[PDB]
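Shown next as structure tokens: one chain only, the form deposited without its partner chain.
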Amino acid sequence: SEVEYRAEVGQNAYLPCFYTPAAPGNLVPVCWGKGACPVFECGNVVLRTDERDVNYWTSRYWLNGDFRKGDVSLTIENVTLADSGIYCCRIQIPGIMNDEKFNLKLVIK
């Protein structure tokens, strides 16, 4: 088939996303959203970070990894079938036409 991430209703879903900062504590803002990265900025936004901290989140969506070291992987808690679909993790590297865009397909059953 093709790369996908899987969960059963009631479980947590785990969607990977990583970048390497230039030096520790020098973070890059990240945009997580539902929908593919060609849509707006990172789809329908569910979570954002900036250079210093998490600045936006939606209930059930988490960065539980070490995001100050570039692990910006997403946890979606207590998934339902409506959570299936493509998600966008966008690494907003400073500068123009240089973002890293990751599209992650989540399948719930």
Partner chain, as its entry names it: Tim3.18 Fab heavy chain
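If you superpose the two forms and keep the largest set of C-alpha atoms that fall within 1.5 Å, you have the rigid core. Residue numbers count along the first chain shown, from 1.
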Of 89-97 and 7-15, the one with larger mean CA B-factor: 89-97
Averaging the C-alpha B factors as listed in the entry, name the stretch that ends up higher: 23-31 or 73-81. 23-31
For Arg60, the third of its chain by CA B-factor is the middle
Report the third (lowest, middle or highest) to which the CA temperature factor of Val39 belongs, ranking only the modelled residues of the same chain. highest
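Keep in mind the form deposited with its partner chain bound is missing from the figure; the text below concerns it.
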Can you confirm whether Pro29, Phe40 and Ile91, the three residues that make up this candidate site, all sit within 4.5 Å of its partner chain in the deposited bound form, judged by heavy atoms? yes
Taking the shortest heavy atom distance, is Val45 within 4.5 Å of its partner chain in the deposited bound form? yes
Although the partner isn't part of this model, could you tell me whether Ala23 comes within 4.5 Å of its partner chain in the deposited bound form, counting any heavy atom of the residue? no
Within 82-109, the residues having any heavy atom within 4.5 Å of its partner chain in the deposited bound form are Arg90, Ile91, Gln92, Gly95, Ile96, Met97, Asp99
After a core superposition, would you say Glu77 shifts its C-alpha by at least 2 Å between this form and the one not shown? no
After the core is matched up, is the C-alpha of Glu41 off by 2 Å or more between this form and the one not shown? yes
Outcome for the Cα pair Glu100, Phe40 in the deposited bound form, compared with this form (closer or farther; change of 3 Å or more): closer
